[PDB]
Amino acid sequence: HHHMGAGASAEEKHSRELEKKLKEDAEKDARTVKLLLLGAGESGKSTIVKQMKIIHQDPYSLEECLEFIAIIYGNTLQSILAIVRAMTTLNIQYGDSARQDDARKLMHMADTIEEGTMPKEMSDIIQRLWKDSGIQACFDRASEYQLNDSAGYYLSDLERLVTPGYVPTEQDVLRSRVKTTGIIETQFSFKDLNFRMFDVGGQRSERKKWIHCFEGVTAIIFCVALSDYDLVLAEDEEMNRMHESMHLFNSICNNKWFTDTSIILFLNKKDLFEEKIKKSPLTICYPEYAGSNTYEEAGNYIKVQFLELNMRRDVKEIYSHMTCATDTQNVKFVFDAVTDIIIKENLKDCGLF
């Protein structure tokens, strides 16, 4: 009857009490889900993070959207530049000799102008170059050199991007690229769950092992660029880019970190692969490959090759998905599915009321 007084028990409980110690019961957050984003560089880790914001967080604001303009220009510049350098590297002829002096004037401008800026004289040079048949012949051969996968996407809409008062569309943002070595993080809610997602870069460089001691990691999301199978190695390294991604994934399953962690394979860039597979045989990456060179069988073949690297017999623990990170609708499906696997396999006791 008396709340501040008390009326229960019999000389068992005395002195001051600690139910405000049982406040750590409220600190019990099993609705917290930590995911590591691992994978080679340029495999789509950042893009996934961006998507998480677009889909579950509030999408990018107009102030944020405008902060990409400067990276989106650099991205475009860097891209045309890469093509132009490959004109000489692959020794490809300009469609119209006159376009050769534009390309010379570009090297000049690029080295002078302010990083992130796209002056009208530059974009005109770039717009012509793009329409040139030489550049286009060189563009189709992007596989023989280092080219942003977003190069085309941007150079196709270059005009739309230099019209004053330009606003980056969600896709544009999604297509941008900013190399980092450290860790990008993002926190968002979904399904009454707080998600903390960690994008871990510098895997081919440092390959830090402290990542293991990270506590509370529900699942590992490992990205692979499907469209990397095509890239020829001038490195002479034992394994091209596809087999390099495999060597990185091999040490993710090979590593016997015992905290309960599901691993999820994102075979990313399925859209670009769908274009490549018809032209470039999957035998380029796997010579033993007897199957046909089509999206279904080749994609599957690659998936297998990755799943087959599974060192520890992970009892119902290797999940995989063909993904297109820049495609929101797609990511919304894959992440729905991932969540559904998380909540079941790593389940807190069910509420049931």
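Residues carry their position along the shown sequence, with the first being 1.
Colleague: Comparing 103-111 with 172-180, which has the greater mean CA B-factor as deposited?
Modeller: Mean C-alpha B-factor is greater for 103-111.
Colleague: I need to verify one thing: averaged over C-alpha atoms only, is the B-factor higher for 82-90 or for 120-128?
Modeller: Higher mean C-alpha B-factor: 120-128.
Colleague: Based on the PDB record, which member of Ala70, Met311, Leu307, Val33 exhibits the highest Cα temperature factor?
Modeller: Most elevated C-alpha B-factor of the set, per the entry: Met311.
Colleague: From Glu275, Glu206, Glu144, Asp140, which pick has the Cα B-factor that tops the rest in the entry?
Modeller: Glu206 has the highest C-alpha B-factor of those listed.
Colleague: Taking the C-alpha B-factors as the PDB entry records them, is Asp228 in the lowest, middle or highest third of its chain?
Modeller: Bottom third by C-alpha B-factor.
Colleague: What third of its chain's C-alpha B-factors does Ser251 belong to: lowest, middle or highest?
Modeller: Its C-alpha B-factor, which the entry lists for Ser251, ranks in the highest third among residues of this chain.
Colleague: Which third of the chain does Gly44 land in by C-alpha B-factor: lowest, middle or highest?
Modeller: Bottom third by C-alpha B-factor.
Colleague: Could you look up the Cα B-factor of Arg241 in the entry and say which third of the chain it sits in: lowest, middle or highest?
Modeller: As the PDB entry reports it, the C-alpha B-factor of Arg241 lands in the middle third of its chain.
Colleague: Give the position of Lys28 by CA B-factor within its chain, expressed as the lowest, middle or highest third.
Modeller: Answer is highest: the recorded C-alpha B-factor places it there.
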